[PDB]
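There is one chain below, alone, in structure tokens, taken in the form deposited in one PDB entry.
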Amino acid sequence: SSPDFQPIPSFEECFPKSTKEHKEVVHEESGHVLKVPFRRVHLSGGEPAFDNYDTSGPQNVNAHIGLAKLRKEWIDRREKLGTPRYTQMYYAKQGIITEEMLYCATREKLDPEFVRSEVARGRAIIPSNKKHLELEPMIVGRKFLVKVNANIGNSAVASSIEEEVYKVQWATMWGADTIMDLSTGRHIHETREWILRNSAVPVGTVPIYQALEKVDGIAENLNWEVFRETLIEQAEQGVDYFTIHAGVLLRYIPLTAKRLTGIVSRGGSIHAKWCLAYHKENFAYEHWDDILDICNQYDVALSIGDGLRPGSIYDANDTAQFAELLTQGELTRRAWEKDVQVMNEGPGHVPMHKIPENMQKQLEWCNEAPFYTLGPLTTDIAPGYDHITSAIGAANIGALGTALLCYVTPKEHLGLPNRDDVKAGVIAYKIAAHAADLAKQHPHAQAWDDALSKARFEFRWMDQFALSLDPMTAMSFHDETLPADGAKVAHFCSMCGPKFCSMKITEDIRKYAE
């Protein structure tokens, strides 16, 4: 009821020379003024300031009070107008550009009509439960910037409410575009409430985890009714998207019998246990229409789970995995008939040569719905470094069109990630996501690389650091060998020294040619 919340390091400490800014735009139908966040990096030497994306949200807000309910007037006005369904897809299909769509368009530097079109056709989603009034809207889709999710949450073995709220603020400081609260320990409802009220980014959950808690860990005591009540509980708090493993069908379970690592999905294994116990079809599949009815009233997006994802290179792209993908497509099309926003969850552990098949089949079988991958990890050999093994896969599958990359931290396979691991995972995934944006030739993505590289060539060291994903790491690393203030304007570093610095030699070469 009153956790001992501690503040994360300030925006200014994390991003020296940056300021938080907002672009003001007017939603013309309503007259509502939207303040769309961005981060301005102030540079030297006559360079214009560099504007970048900003997920960090409002700063220095007491977590006991929570964030401003910025969407309140939007939601209240739409309610007063009256509507049969509350989803961004419903509105988009009516030809309506909502505040959320305009906010996202502004944030992406794209046309609001283009945003509306992408949402209406099911190729992008704006996860934005009407009860998450604190949310700064964002969009997930192949035509937009590649996004990153940070998974947090406690377990029965580790962590606390205070630490999980810290982790959400911290994850978003470093660039997480969404978070999920995957708590499987104590105080699931309360932890999630504190997170939602203090999160400017979309928050996802996997409702089956709490449903299993509601029945004291006895999977056989799950059923639709327990699950339904969990969905409503979570929707009422403002959860923006639910992972639901409705594609783990009874008949697909035996396809996993010869796998090396079996069913590694937590939710998938829970559904599989129930299905086998009763020899009955997955209750989330059976009640898909009823789930859609809930989602329509709040705008909860559905992230259709991949409970049969491969958990080892050995199992990659096997029959079980693709059987579920086929069903994910069926469920996607059914959700769209009710105007429910959908993305599809994907692998997993997948060696690089098997990555293209994953994207090809998803794009076709799921009608281009946004894809949301866990990595993939490209090799199993390096626990402790699975942020790297998976950054390779995530960058690759992102380049092929994957819209949301679920991070993997250095603690993958080993233990619950702490705040440091969360940062490491977010950084690795921001690298993968941006590398993918470059590969897709996404408009203006290279401007960031160019600004940093120009600062590098010109020996504007502080500008170089300020422009990077993690300024203080770059600065500290440089300063381990050359800490003096004068070195911040030196035309070399300790790698080559003054006489061998190649950019300084180029500098002399060009001066001589002048």
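Between two forms, the rigid core is defined as the largest C-alpha subset superposing within 1.5 Å. Shifts are known only where both forms have a C-alpha. For every residue, the number given is its place in the sequence shown, counted from 1.
Just so it is clear, the following notes concern the form deposited in another entry, a form of the same protein that is not shown.
K.L.:
Please find the residue from 156, 218, 81, 257 showing a Cα shift of 2 angstroms or more between the shown form and the other one, rigid core superposed.
P.N.:
The residue that shifts is 156.
K.L.:
Look at the CA atoms of residue 424 and residue 156: state whether they lie closer or farther apart in that other deposited form than in this form, given a difference of 3 Å or more.
P.N.:
Closer together, by at least 3 Å.
K.L.:
Knowing the shift is 3 Å or more, I'd like to know if the C-alpha atoms of residue 158 and residue 408 are closer or farther apart in that other deposited form than in the shown chain.
P.N.:
Farther apart in that other deposited form, by 3 Å or more.
K.L.:
Superpose the two forms on the rigid core, then report in sequence order the stretches of at least three consecutive residues whose Cα positions each move 2 Å or more between the shown form and the other one.
P.N.:
Residues 155-164 form the single run that moves by 2 Å or more between the shown form and the other one.
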